[PDB]
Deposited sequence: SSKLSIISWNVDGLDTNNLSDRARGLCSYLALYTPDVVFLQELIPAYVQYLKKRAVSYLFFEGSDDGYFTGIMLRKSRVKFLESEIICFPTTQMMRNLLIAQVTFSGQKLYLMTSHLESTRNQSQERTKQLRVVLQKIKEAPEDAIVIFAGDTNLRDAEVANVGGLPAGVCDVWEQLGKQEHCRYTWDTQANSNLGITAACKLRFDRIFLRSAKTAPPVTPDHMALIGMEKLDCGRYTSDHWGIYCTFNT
């Protein structure tokens, strides 16, 4: 299938309760869908070590080797790796940054990006500054590339409005697919009364190919594991693109 598939998920590695069982759960979801790209946030070393032992068909990239951090997985049979980098968030208080992988997908260049934007309500200012950095990097990416950003943005209220909205040619995939209610809230204290759309996917086409449109989006991980807990306090996002 010419369609690109991705999963994005904050794995809640800062919650050590039943972390091994929940990492097993995450791996089972990744295997079931076998996505072309995985964007992960809030990994810890023991967590990524576990995933690497089980997912040897994927290339791994991490946002750090200490504390907690993001990661990108690339399905090796489907995605050819070119290079990677980390862009620093100079005023983060929580070690946040921007992890980027450049690949080719059936001859088409893709820039793949993930971040775990600053957490907590009162860091709204710093989170907004980080969002501006992300949107600038999306806009500035080489024009022969499709850009996909997926991550835990921690966004709420009108923080996106405060940065000026999205740049020209950049869309929010959930919005683009019609703001469907069934896959709207990714963090839900009732079902996991506070429901928020923290996890978001931003998309920009390449100038050198027809516009990329999102095809389908769904939330995953909504089934309690044998241990009686969910894989994460976030739902994961599964999304495909008409490439």
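- Gaps in the coordinates relative to the deposited sequence reduce to one, at 193-199.
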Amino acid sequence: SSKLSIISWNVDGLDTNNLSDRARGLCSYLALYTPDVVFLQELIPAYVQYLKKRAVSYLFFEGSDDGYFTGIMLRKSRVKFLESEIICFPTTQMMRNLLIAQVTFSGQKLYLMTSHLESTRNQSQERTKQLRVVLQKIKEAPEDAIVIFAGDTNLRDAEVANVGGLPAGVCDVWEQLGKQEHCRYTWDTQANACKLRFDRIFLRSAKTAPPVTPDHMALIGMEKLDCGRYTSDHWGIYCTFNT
From here on, numbers count along this sequence of modelled residues.
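- Comparing the deposited coordinates for 64-72 and 22-30, the stretch with the larger average C-alpha B-factor is 22-30.
- Set 159-167 against 141-149 and average the Cα temperature factors; 159-167 ends up higher.
- By the numbers in the PDB entry, the CA B factor is greatest at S106 among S84, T114, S106, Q93.
- Based on the entry's C-alpha B-factors, the most elevated value among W187, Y58, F39, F202 belongs to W187.
- In the deposited entry, the Cα temperature factor of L196 places it in the middle third of its chain's modelled residues.
- Looking at the C-alpha B-factors along this chain, the one for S8 belongs to the lowest third.
- Placement of the Cα temperature factor of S124 within the chain: middle third of the modelled residues, per the deposited record.
- Split the chain's modelled residues into thirds by C-alpha temperature factor. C88 is in the highest one.
- When the CA B factors of the chain's modelled residues are split into thirds, the value for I44 lands in the lowest one.
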